[PDB]
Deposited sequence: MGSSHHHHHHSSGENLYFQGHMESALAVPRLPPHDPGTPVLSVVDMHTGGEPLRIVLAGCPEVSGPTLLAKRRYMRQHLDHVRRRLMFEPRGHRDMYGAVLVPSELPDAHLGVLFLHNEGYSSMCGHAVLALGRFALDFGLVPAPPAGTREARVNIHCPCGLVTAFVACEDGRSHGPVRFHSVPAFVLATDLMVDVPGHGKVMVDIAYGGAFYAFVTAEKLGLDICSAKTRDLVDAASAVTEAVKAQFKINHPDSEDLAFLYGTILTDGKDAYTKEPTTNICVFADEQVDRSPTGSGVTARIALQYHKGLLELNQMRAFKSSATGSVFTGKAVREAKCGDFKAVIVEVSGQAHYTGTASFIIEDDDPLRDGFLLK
């Protein structure tokens, strides 16, 4: 006898925040559809500043608990100054306001098409072009559709190797050799076996402690975080399993889009892989798979870089309406000390 959809008791005068919940290989994304105050700014950068300095309570509500959690990520859609852009994105996380879109492009691309920010391509063509204005800059996502559903693919920034076979003394383990590469962020790459862990069986806590130790070691003796690998950097049809541990011991549920990019750069540099050769990357956390493909050579200062095609699937998970009660001490959310 609750046929009629109703909201629960809330404070009228704080509008309802409405989201579409998506995920890209296990990492969630709340896209805000409605109930965010006007984000005033002549530019996306201006708008990012305004949100951080005026509407941060909105970020804290959607991303913090009790309505979110430690590994929740968010997106507020805004007009772009660029006439090329189908949409502008302000990214939200639990630590602040990110610049690197990364794999969220896969979800936002799919979203833009499915929600009509991008007109449907001619029935003859199947991949639609979505121009997303990140704080990063304009990223073009190519979304497969019918007349919709399928993989999304985007082209990386110039990705390169900063250092190879670098020996460091990681607390808890001996001197260890790491590669540091840029895939949109700086990651240390180590084999899990070289730290005395089986990536396929070991508890997440063990892989996190190990990877954290490497990240702290590299910080002093030379960086967004560390990726541990199964050590299958040798070309094969078999997927290669990696785990990304970044920031405050935070595990990525997806093969990091950045991580895929930097590993392809590393594989290219060691002569294990050629242009338009495609590997598959599997998440140790979730089992989801992204593909990388170096498409053309490039440069980044004096450094020989590569351009990488990352592709993967985003999925819809549902839709939420967030409300706040006048009384609630935890109206604007909380995070654990």
Segments lacking C-alpha coordinates (deposited sequence numbering, starting at 1): 1-24, 172-173, 249-260
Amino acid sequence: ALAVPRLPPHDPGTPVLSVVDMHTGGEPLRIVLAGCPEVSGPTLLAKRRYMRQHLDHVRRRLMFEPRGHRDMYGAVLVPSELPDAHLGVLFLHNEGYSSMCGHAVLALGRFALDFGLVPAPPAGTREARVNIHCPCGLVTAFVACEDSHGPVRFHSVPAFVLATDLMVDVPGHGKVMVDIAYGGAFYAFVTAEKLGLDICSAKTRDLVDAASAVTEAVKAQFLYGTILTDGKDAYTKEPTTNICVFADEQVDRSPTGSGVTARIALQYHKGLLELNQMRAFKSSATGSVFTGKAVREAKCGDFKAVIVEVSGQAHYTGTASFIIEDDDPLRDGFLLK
From here on, numbers count along this sequence of modelled residues.
message: Tell me which stretch, 22-30 or 45-53, has the higher mean Cα B-factor listed in the entry.
response: 45-53
query: Between 288-296 and 36-44, which has the higher average C-alpha B-factor in the PDB entry?
result: 36-44
query: For the listed 60, 282, 69, 304, which has the peak Cα B-factor recorded in the PDB entry?
result: 304
message: Sorting 104, 157, 266, 120 by Cα temperature factor from the record, which one lands on top?
response: 120
query: If you rank the chain by CA B-factor, which third does residue 252 end up in: lowest, middle or highest?
result: lowest
query: Can you tell me which third, lowest, middle or highest, the CA B-factor of residue 231 falls into for its chain?
result: middle
task: Taking the chain's C-alpha temperature factors as the reference, tell me which third residue 333 falls into: lowest, middle or highest.
output: lowest
- prompt: Which third of the chain does residue 224 land in by C-alpha B-factor: lowest, middle or highest?
  reply: middle
query: By the record's CA B-factor, is residue 174 among the lowest, middle or highest third of residues in the chain?
result: highest
